[PDB]
file coords.csv (CSV, C-alpha atoms)
chain,number,residue,atom,x,y,z
A,1,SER,CA,-26.0,-26.1,7.3
A,2,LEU,CA,-27.4,-22.7,7.9
A,3,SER,CA,-25.4,-19.8,6.5
A,4,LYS,CA,-23.8,-17.9,9.4
A,5,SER,CA,-22.2,-14.5,10.2
A,6,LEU,CA,-18.5,-13.9,10.4
A,7,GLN,CA,-17.0,-14.7,13.8
A,8,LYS,CA,-13.5,-13.4,14.6
A,9,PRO,CA,-10.9,-15.9,15.8
A,10,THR,CA,-9.8,-15.7,19.4
A,11,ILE,CA,-6.3,-14.5,20.2
A,12,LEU,CA,-4.9,-17.2,22.5
A,13,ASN,CA,-1.4,-15.7,23.0
A,14,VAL,CA,0.8,-12.8,21.8
A,15,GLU,CA,4.5,-13.0,22.2
A,16,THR,CA,7.3,-10.7,21.0
A,17,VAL,CA,9.6,-13.0,19.0
A,18,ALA,CA,12.1,-10.5,17.4
A,19,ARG,CA,13.0,-6.9,17.9
A,20,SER,CA,15.3,-4.6,15.9
A,21,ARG,CA,15.8,-0.9,16.4
A,22,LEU,CA,12.8,0.0,14.3
A,23,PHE,CA,10.8,-3.3,14.2
A,24,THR,CA,9.1,-5.5,16.8
A,25,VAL,CA,7.7,-8.7,15.5
A,26,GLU,CA,5.0,-10.7,17.4
A,27,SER,CA,3.9,-14.3,17.2
A,28,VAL,CA,0.1,-14.6,17.6
A,29,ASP,CA,-1.6,-17.8,18.5
A,30,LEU,CA,-5.1,-17.9,17.0
A,31,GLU,CA,-8.2,-20.1,17.2
A,32,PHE,CA,-10.6,-19.6,14.4
A,33,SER,CA,-14.4,-20.1,14.7
A,34,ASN,CA,-14.1,-23.6,13.2
A,35,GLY,CA,-11.6,-24.6,15.9
A,36,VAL,CA,-8.6,-24.5,13.6
A,37,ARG,CA,-5.4,-23.2,15.4
A,38,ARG,CA,-2.6,-21.4,13.6
A,39,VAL,CA,0.4,-19.2,14.7
A,40,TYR,CA,0.7,-16.0,12.7
A,41,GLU,CA,3.4,-13.3,12.7
A,42,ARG,CA,2.9,-9.6,12.6
A,43,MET,CA,4.4,-6.2,13.4
A,44,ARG,CA,3.5,-5.0,16.9
A,45,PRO,CA,0.3,-3.0,16.7
A,46,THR,CA,0.6,0.7,17.1
A,47,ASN,CA,-1.8,3.6,17.0
A,48,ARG,CA,0.9,5.9,15.6
A,49,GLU,CA,-0.5,7.1,12.2
A,50,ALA,CA,1.1,8.5,9.1
A,51,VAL,CA,0.3,11.5,6.9
A,52,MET,CA,0.9,12.0,3.2
A,53,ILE,CA,0.6,15.5,1.7
A,54,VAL,CA,-0.3,16.4,-1.8
A,55,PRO,CA,0.6,20.1,-2.4
A,56,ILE,CA,-1.0,21.9,-5.4
A,57,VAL,CA,0.4,25.3,-6.5
A,58,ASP,CA,-0.2,27.2,-9.8
A,59,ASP,CA,-1.9,24.2,-11.3
A,60,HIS,CA,1.0,21.8,-10.5
A,61,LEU,CA,1.5,19.0,-8.0
A,62,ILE,CA,4.7,19.3,-5.9
A,63,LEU,CA,6.4,15.9,-5.8
A,64,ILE,CA,9.7,15.0,-4.1
A,65,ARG,CA,12.5,12.6,-4.8
A,66,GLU,CA,13.5,10.5,-1.8
A,67,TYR,CA,15.9,7.6,-1.2
A,68,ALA,CA,14.4,4.3,-0.3
A,69,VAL,CA,16.8,1.7,1.2
A,70,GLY,CA,14.4,-1.2,0.6
A,71,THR,CA,14.9,-1.0,-3.1
A,72,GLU,CA,18.1,1.1,-3.0
A,73,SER,CA,16.7,3.8,-5.4
A,74,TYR,CA,15.1,7.2,-5.4
A,75,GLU,CA,11.3,7.2,-5.4
A,76,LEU,CA,9.3,10.0,-7.0
A,77,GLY,CA,6.1,10.8,-5.0
A,78,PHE,CA,4.3,12.7,-2.3
A,79,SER,CA,5.8,13.9,0.9
A,80,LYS,CA,5.0,11.5,3.8
A,81,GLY,CA,5.7,11.5,7.6
A,82,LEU,CA,4.3,10.5,10.9
A,83,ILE,CA,1.7,12.2,13.0
A,84,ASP,CA,3.2,13.1,16.4
A,85,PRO,CA,1.1,12.2,19.4
A,86,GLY,CA,-1.2,15.1,20.2
A,87,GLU,CA,-1.2,16.4,16.6
A,88,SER,CA,-4.3,16.5,14.3
A,89,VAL,CA,-3.8,15.4,10.7
A,90,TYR,CA,-3.9,19.1,9.5
A,91,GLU,CA,-1.1,20.0,12.0
A,92,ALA,CA,1.1,17.0,11.1
A,93,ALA,CA,0.5,17.8,7.4
A,94,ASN,CA,1.5,21.5,7.8
A,95,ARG,CA,4.6,20.6,9.8
A,96,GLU,CA,5.7,17.9,7.4
A,97,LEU,CA,5.3,20.2,4.4
A,98,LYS,CA,7.4,22.9,6.1
A,99,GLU,CA,10.1,20.4,7.1
A,100,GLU,CA,10.3,18.8,3.6
A,101,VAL,CA,9.5,21.4,1.1
A,102,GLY,CA,9.8,24.8,2.8
A,103,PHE,CA,6.1,25.8,2.6
A,104,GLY,CA,3.1,25.8,5.0
A,105,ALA,CA,-0.4,25.7,3.6
A,106,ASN,CA,-3.5,27.9,4.5
A,107,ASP,CA,-5.8,25.3,3.0
A,108,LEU,CA,-5.5,21.7,4.1
A,109,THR,CA,-8.1,19.1,3.2
A,110,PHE,CA,-8.3,15.6,4.7
A,111,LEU,CA,-9.4,13.3,1.9
A,112,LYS,CA,-9.0,9.7,3.0
A,113,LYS,CA,-7.5,7.4,5.6
A,114,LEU,CA,-6.0,4.1,4.3
A,115,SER,CA,-4.6,0.9,5.8
A,116,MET,CA,-1.6,-0.9,4.2
A,117,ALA,CA,-1.3,-4.7,4.3
A,118,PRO,CA,-3.3,-5.2,7.5
A,119,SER,CA,-2.5,-8.9,7.6
A,120,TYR,CA,1.0,-7.9,8.9
A,121,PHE,CA,0.8,-4.2,9.8
A,122,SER,CA,-1.8,-2.0,11.5
A,123,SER,CA,-0.6,1.3,10.3
A,124,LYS,CA,-2.9,3.9,8.8
A,125,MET,CA,-2.1,6.6,6.2
A,126,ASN,CA,-4.0,9.9,6.1
A,127,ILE,CA,-4.0,11.7,2.7
A,128,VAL,CA,-4.2,15.5,2.9
A,129,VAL,CA,-4.3,18.0,0.0
A,130,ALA,CA,-2.4,21.3,0.6
A,131,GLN,CA,-3.2,24.5,-1.2
A,132,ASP,CA,-2.6,28.2,-0.7
A,133,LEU,CA,1.0,27.8,0.2
A,134,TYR,CA,3.4,30.3,1.8
A,135,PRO,CA,7.2,30.1,2.5
A,136,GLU,CA,8.1,28.7,5.9
A,137,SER,CA,10.8,26.3,6.8
A,138,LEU,CA,11.3,23.9,9.6
A,139,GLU,CA,14.2,21.5,10.5
A,140,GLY,CA,13.4,17.9,9.5
A,141,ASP,CA,15.4,14.7,10.0
A,142,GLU,CA,16.3,14.0,6.4
A,143,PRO,CA,20.0,13.2,5.7
A,144,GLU,CA,19.9,14.9,2.4
A,145,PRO,CA,17.7,17.5,0.6
A,146,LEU,CA,14.6,16.3,-1.1
A,147,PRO,CA,14.6,17.5,-4.7
A,148,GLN,CA,11.2,18.9,-5.7
A,149,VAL,CA,9.4,18.2,-9.0
A,150,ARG,CA,6.5,20.3,-10.3
A,151,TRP,CA,4.0,18.2,-12.2
A,152,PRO,CA,1.1,19.7,-14.1
A,153,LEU,CA,-2.4,18.7,-13.0
A,154,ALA,CA,-3.5,18.5,-16.6
A,155,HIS,CA,-1.0,15.6,-17.1
A,156,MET,CA,-1.2,14.1,-13.6
A,157,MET,CA,-2.1,10.6,-14.8
A,158,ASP,CA,1.3,10.5,-16.7
A,159,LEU,CA,2.9,9.7,-13.3
A,160,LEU,CA,1.7,6.1,-13.8
A,161,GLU,CA,4.3,5.7,-16.6
A,162,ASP,CA,7.1,6.3,-14.1
A,163,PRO,CA,8.1,3.1,-12.1
A,164,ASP,CA,9.7,5.3,-9.4
A,165,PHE,CA,6.2,6.7,-8.6
A,166,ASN,CA,4.2,3.4,-8.9
A,167,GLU,CA,3.8,2.7,-5.2
A,168,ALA,CA,0.4,1.8,-3.8
A,169,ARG,CA,0.0,4.8,-1.5
A,170,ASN,CA,1.2,7.2,-4.2
A,171,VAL,CA,-1.2,5.7,-6.8
A,172,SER,CA,-4.1,5.6,-4.4
A,173,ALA,CA,-3.5,9.3,-3.5
A,174,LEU,CA,-3.1,10.3,-7.1
A,175,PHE,CA,-6.5,8.9,-8.1
A,176,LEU,CA,-8.2,10.2,-4.9
A,177,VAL,CA,-7.0,13.8,-5.5
A,178,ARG,CA,-8.1,13.6,-9.2
A,179,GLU,CA,-11.6,12.5,-8.1
A,180,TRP,CA,-11.7,15.4,-5.6
A,181,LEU,CA,-10.5,17.8,-8.2
A,182,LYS,CA,-13.4,16.7,-10.5
A,183,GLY,CA,-15.9,17.6,-7.7
A,184,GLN,CA,-15.0,21.3,-8.0
A,185,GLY,CA,-14.1,20.8,-11.7
A,186,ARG,CA,-10.5,22.1,-11.4
B,1,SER,CA,21.5,22.0,-9.0
B,2,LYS,CA,23.3,18.7,-9.0
B,3,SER,CA,22.4,15.2,-10.1
B,4,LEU,CA,21.1,12.4,-7.9
B,5,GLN,CA,23.9,10.2,-6.5
B,6,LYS,CA,22.7,7.2,-4.5
B,7,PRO,CA,24.3,6.9,-1.0
B,8,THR,CA,26.9,4.2,-0.8
B,9,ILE,CA,26.2,1.1,1.2
B,10,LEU,CA,29.0,0.6,3.7
B,11,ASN,CA,27.7,-2.4,5.5
B,12,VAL,CA,24.7,-4.7,5.6
B,13,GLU,CA,23.9,-6.9,8.6
B,14,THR,CA,21.1,-9.2,9.8
B,15,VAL,CA,19.9,-7.8,13.1
B,16,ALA,CA,16.7,-9.7,13.8
B,17,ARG,CA,14.9,-12.8,12.4
B,18,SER,CA,11.5,-14.3,12.9
B,19,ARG,CA,9.8,-17.1,11.0
B,20,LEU,CA,8.5,-14.8,8.3
B,21,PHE,CA,10.7,-11.7,8.8
B,22,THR,CA,14.4,-10.9,8.5
B,23,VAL,CA,15.4,-7.3,9.3
B,24,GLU,CA,18.6,-5.9,8.1
B,25,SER,CA,20.6,-2.8,9.4
B,26,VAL,CA,22.2,-0.8,6.5
B,27,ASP,CA,25.1,1.6,7.0
B,28,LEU,CA,24.8,4.4,4.5
B,29,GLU,CA,26.9,7.3,3.4
B,30,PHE,CA,24.9,9.9,1.4
B,31,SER,CA,26.6,11.9,-1.3
B,32,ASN,CA,26.9,15.0,1.0
B,33,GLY,CA,28.9,12.9,3.5
B,34,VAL,CA,26.0,12.3,6.0
B,35,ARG,CA,26.1,8.9,7.6
B,36,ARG,CA,23.0,6.9,8.7
B,37,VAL,CA,22.0,3.4,9.8
B,38,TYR,CA,18.7,2.4,8.2
B,39,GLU,CA,16.7,-0.7,8.9
B,40,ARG,CA,14.9,-2.7,6.2
B,41,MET,CA,13.3,-6.0,5.4
B,42,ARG,CA,15.8,-8.3,3.6
B,43,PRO,CA,15.4,-7.6,-0.1
B,44,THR,CA,13.4,-10.3,-2.0
B,45,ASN,CA,12.8,-11.1,-5.6
B,46,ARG,CA,9.5,-12.9,-4.7
B,47,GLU,CA,6.4,-11.2,-6.1
B,48,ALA,CA,2.7,-11.1,-5.2
B,49,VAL,CA,-0.4,-11.1,-7.4
B,50,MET,CA,-3.8,-9.7,-6.8
B,51,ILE,CA,-6.8,-10.8,-8.9
B,52,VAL,CA,-9.9,-8.8,-9.8
B,53,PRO,CA,-12.5,-11.2,-11.1
B,54,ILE,CA,-15.5,-9.9,-13.1
B,55,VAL,CA,-18.6,-12.0,-13.8
B,56,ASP,CA,-22.0,-10.8,-15.0
B,57,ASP,CA,-21.1,-7.1,-14.5
B,58,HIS,CA,-20.0,-7.7,-10.9
B,59,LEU,CA,-16.7,-7.8,-9.1
B,60,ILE,CA,-16.1,-10.8,-6.9
B,61,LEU,CA,-14.6,-9.8,-3.6
B,62,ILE,CA,-13.6,-11.9,-0.5
B,63,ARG,CA,-13.7,-11.3,3.2
B,64,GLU,CA,-10.4,-12.5,4.9
B,65,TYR,CA,-9.1,-12.2,8.4
B,66,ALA,CA,-6.1,-9.9,9.0
B,67,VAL,CA,-4.3,-10.3,12.3
B,68,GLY,CA,-2.5,-7.0,12.0
B,69,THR,CA,-5.7,-5.1,12.6
B,70,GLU,CA,-7.6,-8.1,14.0
B,71,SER,CA,-10.4,-7.6,11.7
B,72,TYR,CA,-12.0,-8.9,8.4
B,73,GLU,CA,-10.9,-7.1,5.3
B,74,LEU,CA,-13.2,-6.8,2.3
B,75,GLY,CA,-11.2,-6.9,-1.0
B,76,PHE,CA,-9.4,-8.6,-3.8
B,77,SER,CA,-8.0,-12.1,-3.7
B,78,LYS,CA,-4.2,-11.9,-3.2
B,79,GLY,CA,-1.4,-14.4,-3.1
B,80,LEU,CA,2.3,-15.0,-3.9
B,81,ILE,CA,3.7,-15.9,-7.4
B,82,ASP,CA,5.4,-19.3,-7.1
B,83,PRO,CA,8.9,-19.5,-8.7
B,84,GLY,CA,8.7,-20.3,-12.4
B,85,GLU,CA,5.0,-19.1,-12.6
B,86,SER,CA,4.0,-16.2,-14.9
B,87,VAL,CA,1.6,-13.6,-13.5
B,88,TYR,CA,-1.2,-15.1,-15.5
B,89,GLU,CA,-0.4,-18.6,-14.1
B,90,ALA,CA,-0.2,-17.3,-10.5
B,91,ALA,CA,-3.5,-15.4,-10.9
B,92,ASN,CA,-5.3,-18.4,-12.3
B,93,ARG,CA,-4.0,-20.7,-9.5
B,94,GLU,CA,-4.9,-18.3,-6.7
B,95,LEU,CA,-8.4,-17.7,-8.1
B,96,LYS,CA,-8.9,-21.4,-8.0
B,97,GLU,CA,-7.6,-21.8,-4.5
B,98,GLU,CA,-9.5,-18.8,-3.1
B,99,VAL,CA,-12.8,-18.5,-5.0
B,100,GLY,CA,-13.1,-21.9,-6.8
B,101,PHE,CA,-12.9,-20.5,-10.3
B,102,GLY,CA,-10.3,-20.5,-13.2
B,103,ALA,CA,-10.5,-17.7,-15.9
B,104,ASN,CA,-10.1,-18.0,-19.6
B,105,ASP,CA,-9.3,-14.2,-20.0
B,106,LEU,CA,-6.6,-12.8,-17.8
B,107,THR,CA,-5.2,-9.3,-18.2
B,108,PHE,CA,-2.1,-7.9,-16.5
B,109,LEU,CA,-2.8,-4.2,-15.7
B,110,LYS,CA,0.0,-2.9,-13.4
B,111,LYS,CA,2.9,-3.7,-11.2
B,112,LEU,CA,3.2,-1.7,-7.9
B,113,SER,CA,5.8,-1.4,-5.1
B,114,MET,CA,4.7,-1.2,-1.5
B,115,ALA,CA,6.6,1.1,0.9
B,116,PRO,CA,10.0,0.7,-0.8
B,117,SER,CA,11.7,2.5,2.1
B,118,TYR,CA,11.5,-0.8,4.1
B,119,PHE,CA,10.3,-3.5,1.6
B,120,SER,CA,11.2,-4.4,-1.9
B,121,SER,CA,8.2,-6.6,-2.8
B,122,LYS,CA,6.1,-6.0,-5.9
B,123,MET,CA,2.4,-6.5,-6.4
B,124,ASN,CA,1.0,-7.4,-9.8
B,125,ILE,CA,-2.7,-6.6,-10.6
B,126,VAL,CA,-4.6,-8.9,-12.9
B,127,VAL,CA,-8.2,-8.7,-14.1
B,128,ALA,CA,-9.9,-12.0,-14.6
B,129,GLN,CA,-12.9,-12.7,-16.9
B,130,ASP,CA,-14.7,-15.6,-18.5
B,131,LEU,CA,-14.7,-17.8,-15.4
B,132,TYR,CA,-15.3,-21.5,-15.1
B,133,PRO,CA,-15.6,-23.6,-12.0
B,134,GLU,CA,-12.4,-25.3,-10.8
B,135,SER,CA,-11.2,-25.7,-7.3
B,136,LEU,CA,-7.7,-26.1,-5.9
B,137,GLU,CA,-6.7,-26.5,-2.3
B,138,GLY,CA,-5.1,-23.5,-0.6
B,139,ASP,CA,-3.8,-23.3,3.0
B,140,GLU,CA,-6.5,-21.0,4.3
B,141,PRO,CA,-7.6,-21.9,7.9
B,142,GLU,CA,-11.2,-20.9,7.3
B,143,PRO,CA,-13.4,-20.3,4.2
B,144,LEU,CA,-13.3,-17.0,2.4
B,145,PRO,CA,-16.9,-15.6,2.0
B,146,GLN,CA,-17.4,-14.1,-1.5
B,147,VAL,CA,-19.2,-10.8,-2.1
B,148,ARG,CA,-20.6,-9.7,-5.5
B,149,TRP,CA,-20.3,-6.0,-6.2
B,150,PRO,CA,-21.8,-4.3,-9.2
B,151,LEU,CA,-19.4,-2.7,-11.6
B,152,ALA,CA,-21.8,0.2,-12.0
B,153,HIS,CA,-21.4,1.1,-8.3
B,154,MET,CA,-17.8,0.0,-7.9
B,155,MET,CA,-16.6,3.3,-6.5
B,156,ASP,CA,-19.0,2.9,-3.4
B,157,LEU,CA,-16.4,0.4,-2.1
B,158,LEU,CA,-14.5,3.6,-0.9
B,159,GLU,CA,-17.3,4.0,1.7
B,160,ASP,CA,-16.4,0.7,3.3
B,161,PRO,CA,-13.4,1.0,5.7
B,162,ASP,CA,-12.9,-2.8,5.5
B,163,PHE,CA,-12.0,-2.2,1.9
B,164,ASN,CA,-9.8,0.9,2.3
B,165,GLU,CA,-6.3,-0.5,1.9
B,166,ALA,CA,-3.8,1.0,-0.5
B,167,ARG,CA,-3.5,-2.0,-2.8
B,168,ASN,CA,-7.3,-2.6,-3.0
B,169,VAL,CA,-7.8,1.2,-3.7
B,170,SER,CA,-5.1,1.3,-6.4
B,171,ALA,CA,-6.6,-1.8,-8.1
B,172,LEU,CA,-10.1,-0.4,-8.0
B,173,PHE,CA,-9.1,2.8,-9.7
B,174,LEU,CA,-6.9,1.1,-12.2
B,175,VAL,CA,-9.6,-1.4,-13.1
B,176,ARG,CA,-12.1,1.4,-13.5
B,177,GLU,CA,-9.7,3.2,-15.9
B,178,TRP,CA,-9.3,0.1,-17.9
B,179,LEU,CA,-13.0,-0.5,-18.0
B,180,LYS,CA,-13.5,2.9,-19.5
B,181,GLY,CA,-11.2,1.8,-22.3
B,182,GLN,CA,-13.7,-0.8,-23.3
B,183,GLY,CA,-16.7,1.4,-22.6
B,184,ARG,CA,-17.8,-0.7,-19.7
B,185,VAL,CA,-18.0,2.2,-17.3
call {"tool": "encode", "arguments": {"input": "coords.csv", "output": "structure tokens"}}
result
Amino acid sequence: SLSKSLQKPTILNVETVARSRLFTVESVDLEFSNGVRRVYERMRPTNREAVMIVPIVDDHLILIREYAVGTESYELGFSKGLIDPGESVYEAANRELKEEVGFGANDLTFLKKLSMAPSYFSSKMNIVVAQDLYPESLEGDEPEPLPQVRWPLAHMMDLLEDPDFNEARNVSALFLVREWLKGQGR
Amino acid sequence: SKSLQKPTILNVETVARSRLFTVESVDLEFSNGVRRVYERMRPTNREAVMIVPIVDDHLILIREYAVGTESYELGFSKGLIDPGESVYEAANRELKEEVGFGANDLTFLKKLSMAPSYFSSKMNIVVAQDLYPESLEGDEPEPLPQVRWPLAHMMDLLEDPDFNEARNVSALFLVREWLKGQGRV
């Protein structure tokens, strides 16, 4: 038969089937274009977005060490947080830097927006590069201080040899910033 | 300056369960005495695999429905590694189920975590070459349209929002780096 365009399935029903303090899982009844019915599960859709900041000062990246309960270990990577309602990406980035690393930035650049496993989650991550930093601290919600790690741009790619850093958002960010740095040749 | 001391886990408790999700509440005591109750997805040892097939200087991508964003993604074939399978074996089987091809040359490029703050799952990236026809039945509810994308313009994928997902992006850049190594550019 004739090749045809994509046709999204119709959502027959959506029901909350489990809720924790931070998670709300929904059961979604679907009917695909070919009439096949299936029940999928996903995290309740939200429009709350995240921001990840990549600070560069004196030819070094500023990374942080942060506990992750999912793996029960310390990850090495870029500062991340949520964009509060009403805030632009630049504003959330500046606020998160101040709260996590004690600096604000006069030069913030929005490089890319990414989704993460959209089959189950609808969250987006905005990658921002921060330069021309100045000291300024804000109170965050971290239970413990976030140790900072200065990493030379010239050896940026060595971060891929550290399993504590090898997380999809960190790796995507690393390569996107390097591409951007090439643009201006710095 | 003091060394890193992981918080101590005082208590773990299942607090919600769905068909595919089991959320745990974790009581923590950081080394500075601060106490917090974090929530996470029950830790698992099960791993995923993602395959990047290359044929005649082109990437083979697939379009697949994602209920979380209620849209069609454009990207690499992904699946779960079955217990007892190596990454190579899982990659070959998934290729077969999803694109109808097996591969004689499979290379394991990288292993990545995904939001370790709440999940503990790993994603293995495998490049597949020297393909041959061979189908296996998967459990997909509808066919997965295939899209051929030239290696010479692989970075243009970053201009398609249907493709811009952290795992696809990481794999794209890692495969490009690897291609450079064989002068495939």
call {"tool": "residues_near_point", "arguments": {"input": "coords.csv", "point": "(-11.3, -1.1, -11.8)", "cutoff": "10 Å", "atoms": "all atoms listed in the file", "output": "mmCIF file with C-alpha atoms, in the coordinates of the input"}}
result
data_model
loop_
_atom_site.group_PDB
_atom_site.id
_atom_site.type_symbol
_atom_site.label_atom_id
_atom_site.label_comp_id
_atom_site.auth_asym_id
_atom_site.auth_seq_id
_atom_site.Cartn_x
_atom_site.Cartn_y
_atom_site.Cartn_z
ATOM 1 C CA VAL B 52 -9.900 -8.800 -9.800
ATOM 2 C CA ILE B 54 -15.500 -9.900 -13.100
ATOM 3 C CA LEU B 59 -16.700 -7.800 -9.100
ATOM 4 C CA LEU B 109 -2.800 -4.200 -15.700
ATOM 5 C CA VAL B 127 -8.200 -8.700 -14.100
ATOM 6 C CA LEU B 151 -19.400 -2.700 -11.600
ATOM 7 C CA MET B 154 -17.800 0.000 -7.900
ATOM 8 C CA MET B 155 -16.600 3.300 -6.500
ATOM 9 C CA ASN B 168 -7.300 -2.600 -3.000
ATOM 10 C CA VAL B 169 -7.800 1.200 -3.700
ATOM 11 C CA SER B 170 -5.100 1.300 -6.400
ATOM 12 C CA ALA B 171 -6.600 -1.800 -8.100
ATOM 13 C CA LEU B 172 -10.100 -0.400 -8.000
ATOM 14 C CA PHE B 173 -9.100 2.800 -9.700
ATOM 15 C CA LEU B 174 -6.900 1.100 -12.200
ATOM 16 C CA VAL B 175 -9.600 -1.400 -13.100
ATOM 17 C CA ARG B 176 -12.100 1.400 -13.500
ATOM 18 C CA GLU B 177 -9.700 3.200 -15.900
ATOM 19 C CA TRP B 178 -9.300 0.100 -17.900
ATOM 20 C CA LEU B 179 -13.000 -0.500 -18.000
ATOM 21 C CA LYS B 180 -13.500 2.900 -19.500
ATOM 22 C CA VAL B 185 -18.000 2.200 -17.300
#
call {"tool": "interface_residues", "arguments": {"input": "coords.csv", "of": "chain A", "to": "chain B", "cutoff": "7 Å", "atoms": "all atoms listed in the file", "output": "number ranges by chain"}}
result
A: 17-20, 22, 36, 41-42, 45, 68-71, 73, 114-122, 143, 166-169, 171-172, 175
call {"tool": "atom_distance", "arguments": {"input": "coords.csv", "atom1": "CA of residue 31 (chain A)", "atom2": "CA of residue 16 (chain A)"}}
result
18.5 Å
call {"tool": "atom_distance", "arguments": {"input": "coords.csv", "atom1": "CA of residue 53 (chain B)", "atom2": "CA of residue 104 (chain B)"}}
result
11.1 Å
call {"tool": "residues_near_point", "arguments": {"input": "coords.csv", "point": "(-5.9, -15.0, -14.8)", "cutoff": "6 Å", "atoms": "only C-alpha atoms", "output": "PDB file with C-alpha atoms, in the frame of the given file"}}
result
ATOM      1  CA  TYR B  88      -1.200 -15.100 -15.500  1.00  0.00           C
ATOM      2  CA  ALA B  91      -3.500 -15.400 -10.900  1.00  0.00           C
ATOM      3  CA  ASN B  92      -5.300 -18.400 -12.300  1.00  0.00           C
ATOM      4  CA  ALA B 103     -10.500 -17.700 -15.900  1.00  0.00           C
ATOM      5  CA  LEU B 106      -6.600 -12.800 -17.800  1.00  0.00           C
ATOM      6  CA  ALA B 128      -9.900 -12.000 -14.600  1.00  0.00           C
TER       7      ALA B 128
END
call {"tool": "residues_around", "arguments": {"input": "coords.csv", "residues": "residue 132 (chain A)", "least_positions_apart": "2", "cutoff": "12 Å", "atoms": "all atoms listed in the file", "output": "ChimeraX atom specification"}}
result
/A:55-59,94,103-109,129-130,134-135
call {"tool": "atom_distance", "arguments": {"input": "coords.csv", "atom1": "CA of residue 155 (chain A)", "atom2": "CA of residue 74 (chain A)"}}
result
21.6 Å
call {"tool": "residues_around", "arguments": {"input": "coords.csv", "residues": "residue 157 (chain A)", "least_positions_apart": "4", "cutoff": "10 Å", "atoms": "only C-alpha atoms", "output": "list in words"}}
result
residues 152, 153, 161, 171, 174, 175 and 178 of chain A
